[PDB]
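A.B. asks: After the structure tokens below, expect a handful of questions from me.
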Amino acid sequence: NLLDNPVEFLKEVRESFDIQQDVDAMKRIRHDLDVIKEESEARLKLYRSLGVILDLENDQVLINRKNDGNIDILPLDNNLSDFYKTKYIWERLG
Amino acid sequence: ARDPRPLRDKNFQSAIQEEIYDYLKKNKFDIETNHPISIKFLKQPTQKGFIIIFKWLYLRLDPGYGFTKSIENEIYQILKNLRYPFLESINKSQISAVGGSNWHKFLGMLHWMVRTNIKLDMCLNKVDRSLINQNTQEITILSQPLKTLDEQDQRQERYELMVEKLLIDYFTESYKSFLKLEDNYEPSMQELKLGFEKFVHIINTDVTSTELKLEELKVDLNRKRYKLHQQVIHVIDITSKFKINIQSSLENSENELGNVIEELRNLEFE
Amino acid sequence: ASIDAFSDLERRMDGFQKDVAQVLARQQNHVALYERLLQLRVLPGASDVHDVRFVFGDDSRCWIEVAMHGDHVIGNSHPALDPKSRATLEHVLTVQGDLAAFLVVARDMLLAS
Amino acid sequence: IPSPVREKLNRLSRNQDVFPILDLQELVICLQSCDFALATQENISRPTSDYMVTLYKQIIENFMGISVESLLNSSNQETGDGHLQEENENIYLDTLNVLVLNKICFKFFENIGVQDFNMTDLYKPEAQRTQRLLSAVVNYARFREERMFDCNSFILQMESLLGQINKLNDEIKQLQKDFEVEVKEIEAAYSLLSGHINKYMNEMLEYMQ
């Protein structure tokens, strides 16, 4: 009752893979990561030396500019960030 | 080419005479021919009584043979045609008077005939059993639940053999009546009609058997094909989802990184 | 003639699809992001003797350029500031030697002016 | 006062001879046309042994539809006789076979009006006896050929019934052959693709480690 023509069906699957498109894609993806990495490096060390450390493992941001780990965190979820995150990330600094 | 049996040994002659006499009395020699049999007679015989014994034995080997008026002149030729393995060991001179000193050579020839007769019955049983075997051809292939042989048509050639065996019987009997100036073969024809109905009933078993087997291969292949097709569906169903998701991933990655690099190098005020 | 061993390839599909996810986990810009949150960008200076230029705000309202080669105390500001505001900033980079302290104070002077 | 005699117990001998004696050329033409190619006027006029033995075997296998080899086979029972003790000898062999061949002809000829077949006819054949025996055979063959149309209805019924077996058996082997071919050719389209998929992932791994 099924598979009117299973032979053509299988052929389409081989023809839907395309190795070169993805191989070419792989060259471009590896290149783009290097461009972001290399052109962010000098700046990224500057932002790291600021003391502003970032946790993306657990959806919060830590502040460590009071010689203690008791500085209040800011979540990354359910938030405006429209002059919202910026106020908190300027009042927690000193 | 000489006979290895010790025909000259006198002890052997005494032993087999008793054993021979018992066998001779049992098979009605002294009744079928008026000539009596005795251990004394088997000790040293007369020529007349020997020819009676030889003829009686040979007719059991070759019933259609027509003996000449003086059997002594064809005994050698008879053994030659028979391919008697011990012909050279028997000299033509002693056939004239077998009752003399050389009676032992002729007792052993007669004794060998008895052993051949004994062995012939076993042969005829095997031929008979072969007839039984041919009786198997008729019934042995058909009683296989299913047969194993390289040609389903060989069973058929056996079937044809089963059928042909009927016509040889039919035409053999009809010919007997024809030679008796008779022309009515209806007895033979009615027997053939009845036997052929058995065939029709039995070959009908193959038709019915084959039809049912055929309908089961049809059902089984359709279901197996459906099961196999389901295997193909599963492979195709999840393979396409795999590729499209990665195509999305590849597409998403490329748009992601293209926009980042533009922003990273856009140092204008905008 | 391949069949029934699809579970082997199925493992390969599930494994490779998620090895892809691990390697391609979306690296954040960390610089487009930092500039978006703070309205603060780090760009090369127009006068490349003074290397690093800092831009504040969504538009070109406030900016200043600094050497950052060594003891970097270069005066430069789009909203001009008095010497007293300029002397306090020059001491934080000289008598305090704290970049982080110098950066928060400088933007407050510029945005208010 | 003498009494008459019924000589024609020899009419019964003539009655035993009711089948016709065929002229040499006609007897051979008919015998050859029965597909006994070995039969010739020259050999049959001077019969030799080992020729008659071969020629007789061909005749029996046609009219009886049997294998002489199978006949030699059935003479030698496989198991059940004398196995424990050999008695040290291959003797009796062929001698028994020679008398069995004699019996086969004897029984057959009894059926077609010959009551006195014997070893001379096999192993020192003579011309008049040889043509007499073969003429009875031919007359029997002609009777069978002539009367073969009595059984054509049976043959036609048999051929119909045999046709149904063969047609059904042809369908079975066709169906079972076609499905195995269909299965593999689809699997080849998949087997090519399965190797392709392992190849694709392996190349992509080169740029992920």
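Simple scheme: letters A, B, ... for chains in structure tokens order, numbers from 1 for residues in each chain, numbers from 1 for ligands in the order shown.
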Give the helix (DSSP H, G or I) residues of segment 21-208 of chain D, as DSSP finds them on the backbone, and put them as number ranges by chain.

C.D. replies: D: 24-33, 41-45, 52-64, 68-75, 95-111, 119-123, 127-205

A.B. asks: Would you put the residues from that selection into a file with C-alpha atoms, as a tab-separated table (two decimals), in the first residue's frame?

C.D. replies:
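Saved result, selection20.tsv, follows:
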chain	number	residue	atom	x	y	z
D	24	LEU	CA	14.56	-59.77	-43.99
D	25	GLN	CA	14.47	-56.33	-45.60
D	26	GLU	CA	11.02	-55.42	-44.22
D	27	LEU	CA	11.82	-56.76	-40.76
D	28	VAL	CA	14.96	-54.58	-40.57
D	29	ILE	CA	13.27	-51.45	-41.96
D	30	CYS	CA	10.60	-51.67	-39.26
D	31	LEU	CA	13.14	-52.45	-36.52
D	32	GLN	CA	15.27	-49.44	-37.50
D	33	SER	CA	12.19	-47.20	-37.61
D	41	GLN	CA	20.70	-57.07	-42.00
D	42	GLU	CA	24.39	-58.05	-42.05
D	43	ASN	CA	24.83	-58.44	-38.29
D	44	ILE	CA	21.47	-60.16	-37.78
D	45	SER	CA	22.14	-62.68	-40.54
D	52	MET	CA	23.48	-59.81	-29.49
D	53	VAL	CA	24.05	-58.97	-25.82
D	54	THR	CA	24.39	-55.25	-26.68
D	55	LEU	CA	21.53	-55.32	-29.21
D	56	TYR	CA	19.16	-57.20	-26.87
D	57	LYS	CA	19.80	-54.63	-24.10
D	58	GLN	CA	18.69	-51.79	-26.40
D	59	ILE	CA	15.44	-53.59	-27.27
D	60	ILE	CA	14.45	-54.35	-23.68
D	61	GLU	CA	15.10	-50.81	-22.48
D	62	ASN	CA	12.78	-49.37	-25.15
D	63	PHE	CA	9.79	-51.68	-24.74
D	64	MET	CA	10.18	-51.95	-21.00
D	68	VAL	CA	20.04	-52.18	-17.45
D	69	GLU	CA	22.37	-50.46	-14.98
D	70	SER	CA	19.51	-50.37	-12.48
D	71	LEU	CA	19.11	-54.07	-13.25
D	72	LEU	CA	22.77	-54.73	-12.43
D	73	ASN	CA	22.27	-52.53	-9.35
D	74	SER	CA	19.29	-54.50	-7.98
D	75	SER	CA	21.21	-57.77	-8.38
D	95	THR	CA	26.66	-65.87	-14.52
D	96	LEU	CA	23.56	-64.90	-12.53
D	97	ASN	CA	23.16	-61.83	-14.76
D	98	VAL	CA	23.30	-64.08	-17.85
D	99	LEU	CA	20.46	-66.30	-16.57
D	100	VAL	CA	18.45	-63.25	-15.49
D	101	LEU	CA	18.69	-61.81	-18.99
D	102	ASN	CA	17.50	-65.21	-20.26
D	103	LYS	CA	14.48	-65.03	-17.92
D	104	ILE	CA	13.57	-61.48	-18.98
D	105	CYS	CA	13.32	-62.50	-22.63
D	106	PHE	CA	11.50	-65.72	-21.72
D	107	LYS	CA	8.74	-63.93	-19.78
D	108	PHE	CA	8.30	-61.26	-22.44
D	109	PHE	CA	8.08	-63.77	-25.27
D	110	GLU	CA	5.60	-65.87	-23.38
D	111	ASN	CA	3.37	-62.79	-23.59
D	119	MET	CA	20.37	-69.45	-24.03
D	120	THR	CA	21.20	-70.39	-27.65
D	121	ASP	CA	19.15	-67.44	-28.89
D	122	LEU	CA	21.37	-65.18	-26.80
D	123	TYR	CA	24.84	-66.73	-26.97
D	127	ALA	CA	19.32	-67.05	-38.38
D	128	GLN	CA	15.89	-68.71	-38.50
D	129	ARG	CA	15.32	-68.49	-34.76
D	130	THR	CA	16.55	-64.88	-34.79
D	131	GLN	CA	14.12	-63.74	-37.50
D	132	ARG	CA	11.26	-65.70	-35.92
D	133	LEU	CA	11.70	-63.99	-32.56
D	134	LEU	CA	12.08	-60.49	-34.05
D	135	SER	CA	9.02	-60.94	-36.29
D	136	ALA	CA	6.86	-61.60	-33.21
D	137	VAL	CA	8.35	-58.48	-31.64
D	138	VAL	CA	7.55	-56.31	-34.66
D	139	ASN	CA	3.99	-57.61	-34.87
D	140	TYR	CA	3.58	-56.66	-31.20
D	141	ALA	CA	5.07	-53.21	-31.83
D	142	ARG	CA	2.74	-52.66	-34.78
D	143	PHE	CA	-0.23	-53.69	-32.64
D	144	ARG	CA	0.83	-51.20	-29.99
D	145	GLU	CA	1.41	-48.42	-32.56
D	146	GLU	CA	-1.84	-49.22	-34.37
D	147	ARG	CA	-3.92	-49.28	-31.19
D	148	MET	CA	-2.22	-46.25	-29.60
D	149	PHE	CA	-5.20	-44.05	-30.57
D	150	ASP	CA	-7.36	-45.94	-28.02
D	151	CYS	CA	-5.58	-44.00	-25.28
D	152	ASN	CA	-5.40	-40.51	-26.76
D	153	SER	CA	-8.29	-39.23	-24.62
D	154	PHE	CA	-6.37	-40.32	-21.53
D	155	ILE	CA	-3.24	-38.60	-22.83
D	156	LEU	CA	-5.18	-35.40	-23.46
D	157	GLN	CA	-6.69	-35.48	-19.96
D	158	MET	CA	-3.23	-36.16	-18.56
D	159	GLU	CA	-1.74	-33.27	-20.54
D	160	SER	CA	-4.42	-30.90	-19.24
D	161	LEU	CA	-3.75	-31.96	-15.63
D	162	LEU	CA	0.05	-31.81	-16.14
D	163	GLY	CA	-0.43	-28.36	-17.64
D	164	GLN	CA	-2.00	-27.10	-14.42
D	165	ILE	CA	0.96	-28.34	-12.33
D	166	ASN	CA	3.46	-26.74	-14.71
D	167	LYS	CA	1.56	-23.46	-14.99
D	168	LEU	CA	1.26	-23.29	-11.20
D	169	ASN	CA	4.92	-24.29	-10.77
D	170	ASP	CA	5.97	-21.70	-13.37
D	171	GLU	CA	4.13	-18.96	-11.45
D	172	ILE	CA	5.77	-20.03	-8.19
D	173	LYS	CA	9.31	-19.89	-9.56
D	174	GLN	CA	8.62	-16.61	-11.39
D	175	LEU	CA	7.16	-14.90	-8.33
D	176	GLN	CA	9.93	-16.16	-6.06
D	177	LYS	CA	12.60	-15.07	-8.55
D	178	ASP	CA	11.13	-11.62	-9.18
D	179	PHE	CA	10.85	-10.66	-5.50
D	180	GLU	CA	14.48	-11.56	-4.68
D	181	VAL	CA	15.69	-9.44	-7.63
D	182	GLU	CA	13.47	-6.52	-6.62
D	183	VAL	CA	14.77	-6.66	-3.04
D	184	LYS	CA	18.44	-6.55	-3.99
D	185	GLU	CA	18.22	-3.77	-6.63
D	186	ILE	CA	16.55	-1.51	-4.06
D	187	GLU	CA	19.22	-2.56	-1.54
D	188	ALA	CA	21.92	-1.63	-4.05
D	189	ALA	CA	20.48	1.90	-4.22
D	190	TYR	CA	20.68	1.87	-0.42
D	191	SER	CA	24.01	0.02	-0.22
D	192	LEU	CA	25.65	2.70	-2.38
D	193	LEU	CA	24.15	5.39	-0.14
D	194	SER	CA	25.22	3.64	3.09
D	195	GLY	CA	28.88	3.68	2.02
D	196	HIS	CA	28.41	7.30	0.93
D	197	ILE	CA	27.19	8.32	4.41
D	198	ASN	CA	30.16	6.78	6.24
D	199	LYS	CA	32.44	8.54	3.73
D	200	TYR	CA	30.72	11.92	4.25
D	201	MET	CA	31.09	11.92	8.06
D	202	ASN	CA	34.70	10.70	7.91
D	203	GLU	CA	35.80	13.61	5.70
D	204	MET	CA	34.01	16.16	7.89
D	205	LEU	CA	35.76	14.76	10.98

A.B. asks: Can you pull out the residues contacting residue 82 of chain A? Cut-off 12 Å, using only C-alpha atoms, and skip same-chain residues under 6 positions away; I want them as a tab-separated table (two decimals) with N, CA and C atoms, in the first residue's frame.

C.D. replies:
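Writing done, so here's selection.tsv:
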chain	number	residue	atom	x	y	z
A	88	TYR	N	22.15	48.81	36.01
A	88	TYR	CA	22.69	47.89	37.01
A	88	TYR	C	24.19	47.69	36.83
C	36	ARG	N	27.31	47.04	23.04
C	36	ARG	CA	25.86	47.21	23.10
C	36	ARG	C	25.35	47.51	24.52
C	37	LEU	N	25.85	46.80	25.53
C	37	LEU	CA	25.37	47.00	26.90
C	37	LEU	C	25.78	48.36	27.45
C	38	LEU	N	27.05	48.72	27.30
C	38	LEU	CA	27.68	49.87	27.94
C	38	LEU	C	27.65	51.15	27.10
C	39	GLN	N	27.32	51.06	25.81
C	39	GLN	CA	27.44	52.18	24.87
C	39	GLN	C	28.86	52.72	24.88

A.B. asks: I need the chain B residues near chain C as number ranges by chain; criterion: at most 10 Å, counting only C-alpha atoms.

C.D. replies: B: 228, 231-232, 234-235, 238-239, 242-243, 245-246, 249-250, 252-253, 256-257, 260-261, 263-270

A.B. asks: Generate a file of the selected residues that holds C-alpha atoms, formatted as a PDB file, in the first residue's frame.

C.D. replies:
ATOM      1  CA  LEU B 228      10.987  -4.479   4.682  1.00  0.00           C
ATOM      2  CA  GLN B 231      12.525  -0.549   7.446  1.00  0.00           C
ATOM      3  CA  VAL B 232      13.136   1.704   4.424  1.00  0.00           C
ATOM      4  CA  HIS B 234      12.395   4.497   9.064  1.00  0.00           C
ATOM      5  CA  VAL B 235      15.749   5.100   7.405  1.00  0.00           C
ATOM      6  CA  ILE B 238      15.036  10.151  10.059  1.00  0.00           C
ATOM      7  CA  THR B 239      17.789  10.666   7.480  1.00  0.00           C
ATOM      8  CA  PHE B 242      19.048  14.750  10.143  1.00  0.00           C
ATOM      9  CA  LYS B 243      20.249  16.558   6.998  1.00  0.00           C
ATOM     10  CA  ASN B 245      18.652  20.176  10.739  1.00  0.00           C
ATOM     11  CA  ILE B 246      22.345  20.365   9.912  1.00  0.00           C
ATOM     12  CA  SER B 249      22.761  24.558  11.498  1.00  0.00           C
ATOM     13  CA  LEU B 250      25.096  25.329   8.601  1.00  0.00           C
ATOM     14  CA  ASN B 252      22.405  29.455  10.979  1.00  0.00           C
ATOM     15  CA  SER B 253      26.144  29.361  11.623  1.00  0.00           C
ATOM     16  CA  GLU B 256      25.548  34.173  12.686  1.00  0.00           C
ATOM     17  CA  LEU B 257      29.215  34.650  11.865  1.00  0.00           C
ATOM     18  CA  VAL B 260      29.366  39.304  13.808  1.00  0.00           C
ATOM     19  CA  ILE B 261      32.267  40.034  11.468  1.00  0.00           C
ATOM     20  CA  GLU B 263      29.841  44.417  13.432  1.00  0.00           C
ATOM     21  CA  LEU B 264      33.426  43.684  14.514  1.00  0.00           C
ATOM     22  CA  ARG B 265      34.798  45.708  11.579  1.00  0.00           C
ATOM     23  CA  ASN B 266      32.172  48.484  11.576  1.00  0.00           C
ATOM     24  CA  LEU B 267      34.055  51.092  13.552  1.00  0.00           C
ATOM     25  CA  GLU B 268      31.988  54.016  12.158  1.00  0.00           C
ATOM     26  CA  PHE B 269      29.669  55.899  14.536  1.00  0.00           C
ATOM     27  CA  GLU B 270      26.569  54.211  13.049  1.00  0.00           C
TER      28      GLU B 270
END

A.B. asks: Residues at most 12 Å from residue 57 of chain A, counting only C-alpha atoms, excluding those fewer than 3 positions away in the same chain, as a list in words?

C.D. replies: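 The filter keeps residues 54, 60, 61, 62, 75 and 76 of chain A.
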
A.B. asks: Using only N, CA, C and O atoms, please write the residues we just selected to a file, as an mmCIF file, in the first residue's frame.

C.D. replies:
data_model
loop_
_atom_site.group_PDB
_atom_site.id
_atom_site.type_symbol
_atom_site.label_atom_id
_atom_site.label_comp_id
_atom_site.auth_asym_id
_atom_site.auth_seq_id
_atom_site.Cartn_x
_atom_site.Cartn_y
_atom_site.Cartn_z
ATOM 1 N N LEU A 54 32.158 36.912 33.183
ATOM 2 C CA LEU A 54 30.857 36.517 32.658
ATOM 3 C C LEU A 54 30.658 35.016 32.817
ATOM 4 O O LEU A 54 31.503 34.222 32.388
ATOM 5 N N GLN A 60 23.629 33.997 34.411
ATOM 6 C CA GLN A 60 23.765 35.111 35.338
ATOM 7 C C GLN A 60 25.083 35.812 35.042
ATOM 8 O O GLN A 60 25.927 35.299 34.307
ATOM 9 N N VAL A 61 25.264 37.004 35.603
ATOM 10 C CA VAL A 61 26.527 37.717 35.470
ATOM 11 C C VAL A 61 27.056 38.008 36.863
ATOM 12 O O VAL A 61 26.332 38.532 37.716
ATOM 13 N N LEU A 62 28.336 37.727 37.063
ATOM 14 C CA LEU A 62 29.001 37.904 38.341
ATOM 15 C C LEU A 62 29.816 39.186 38.332
ATOM 16 O O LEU A 62 30.315 39.618 37.290
ATOM 17 N N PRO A 75 20.579 38.174 36.209
ATOM 18 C CA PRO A 75 20.193 37.174 35.204
ATOM 19 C C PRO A 75 20.071 37.699 33.781
ATOM 20 O O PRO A 75 19.828 38.882 33.532
ATOM 21 N N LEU A 76 20.259 36.774 32.844
ATOM 22 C CA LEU A 76 20.213 37.020 31.412
ATOM 23 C C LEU A 76 18.845 36.719 30.820
ATOM 24 O O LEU A 76 18.648 36.917 29.618
#

A.B. asks: Tell me, which residues of chain C carry DSSP strand (DSSP E or B), written as a list in words?

C.D. replies: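 Of chain C, only residues 40, 41, 42, 43, 44, 52, 53, 54, 55, 56, 62, 63, 64, 65 and 66 of chain C fall in strand (DSSP E or B).
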
A.B. asks: Up to 6 Å from chain D, what residues of chain B turn up? Count only C-alpha atoms and give them as a list in words.

C.D. replies: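 My answer is residues 64, 65, 81, 123, 126 and 207 of chain B.
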
A.B. asks: For a quick test of understanding: name the residues of chain A lying within 7 Å of chain B when counting only C-alpha atoms, and present them as a ChimeraX atom specification.

C.D. replies: /A:29,32,36

A.B. asks: Compare C:107, C:30, C:78, C:69 by their minimum atom-to-atom distance to chain A, counting only C-alpha atoms, and give me the closest one.

C.D. replies: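 When distances to chain A are compared using only C-alpha atoms, the smallest one comes from C:30.
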
A.B. asks: Fewer than 6 positions away in the same chain doesn't count, so skip those; otherwise give me all residues within 9 Å of segment 67-72 of chain B, counting only C-alpha atoms, as number ranges by chain.

C.D. replies: B: 51, 55, 95-96

A.B. asks: When you draw a straight line from atom CA of residue 33 of chain B to atom CA of residue 13 of chain D, how long is it in Å?

C.D. replies: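 Taking atom CA of residue 33 of chain B as the start and atom CA of residue 13 of chain D as the end point, the length is 26.0 Å.
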